[PDB]
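Undergrad: Structure provided below as structure tokens; questions to follow.
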Amino acid sequence: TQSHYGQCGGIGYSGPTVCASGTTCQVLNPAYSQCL
């Protein structure tokens, strides 16, 4: 899984798109899905 503060999604986003537990794959803005 992806670590705390590591980016998860948003801007048609590739790479480690699956967060660690406790933290959420966020939706702060359309581009900004992060592990918070």
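Note that chain A is numbered according to Swiss-Prot, with residues 478-513 shown in order.
Even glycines carry a Cβ here, placed using N, Cα and C.
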Undergrad: Which of these, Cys496, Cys502, shares a disulfide with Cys512 in Swiss-Prot?
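TA: Partner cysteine, according to Swiss-Prot: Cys496.
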Undergrad: Would you kindly give the Cα-Cα distance separating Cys502 (disulfide bond) and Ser491 (O-linked glycosylation site), rounded to the nearest Å?
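TA: A Cα-Cα distance of 14 Å.
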Undergrad: So of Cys485, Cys502, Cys512, which of the disulfide-bonded residues has the fewest other Cβ atoms within 10 Å around its own Cβ?
TA: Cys502
Undergrad: Restricting to the same chain and to sequence separations of six or more, state which residues have a Cβ under 8 Å from that of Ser480 (O-linked glycosylation site).
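TA: In sequence order, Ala497, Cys512 meet the Cβ cut-off.
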